[PDB]
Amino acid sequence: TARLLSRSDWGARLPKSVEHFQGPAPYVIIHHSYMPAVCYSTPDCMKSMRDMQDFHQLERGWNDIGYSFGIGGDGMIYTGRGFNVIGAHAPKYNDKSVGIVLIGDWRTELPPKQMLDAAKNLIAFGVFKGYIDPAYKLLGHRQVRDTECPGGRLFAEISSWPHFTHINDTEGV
């Protein structure tokens, strides 16, 4: 039942500028938003995408909302910067990943199933269309930066996902 909604679908303001990266993304980075909290109705979710984009563009002076895609409590996927566009959600990975933010604070509570499935479907489609490398590596934001994101509970959940990985599984500069 999960649909991919376009930027226009949620009333997104235009990017101030769009940078690109080539090839299929070798990484998928999972985030939670922390604030806003989980949204359950599509209209609340569309406003949460708007609130994050306002905060990003207007208050942080970024070109657009920092993530590639957002996932709402309504089970819908929301287009952010989209595939193959450099993001602003994970330093050193912005030009080689798909940053997916599950809307809400997931440090302790587990995201409802429709959200988990939506993120899986989004990734599957990414690989199906060639936007995500078939040997992609799945990570949580905390593994590449000093942050608690995507929350302890959501992080334990993604560690059970196919392709999940730990950077230090590999030794060597």
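For every residue, the number given is its place in the sequence shown, counted from 1.
- With 55-63 and 22-30 compared on mean CA B-factor from the PDB entry, the stretch scoring higher is 55-63.
- As listed in the deposited structure, the average C-alpha B-factor of 124-132 and of 64-72 is greater for 124-132.
- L14: CA B factor lies in the highest third for its chain, per the PDB record.
- Compared with the other modelled residues of the chain, the Cα B-factor recorded for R50 ranks in the middle third.
- Per the deposited record, the Cα B-factor of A37 falls in the middle third when ranked against the other modelled residues of its chain.
- Ranked by C-alpha B-factor against the other modelled residues of its chain, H141 falls in the lowest third.
- Per the deposited record, the Cα B-factor of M115 falls in the middle third when ranked against the other modelled residues of its chain.
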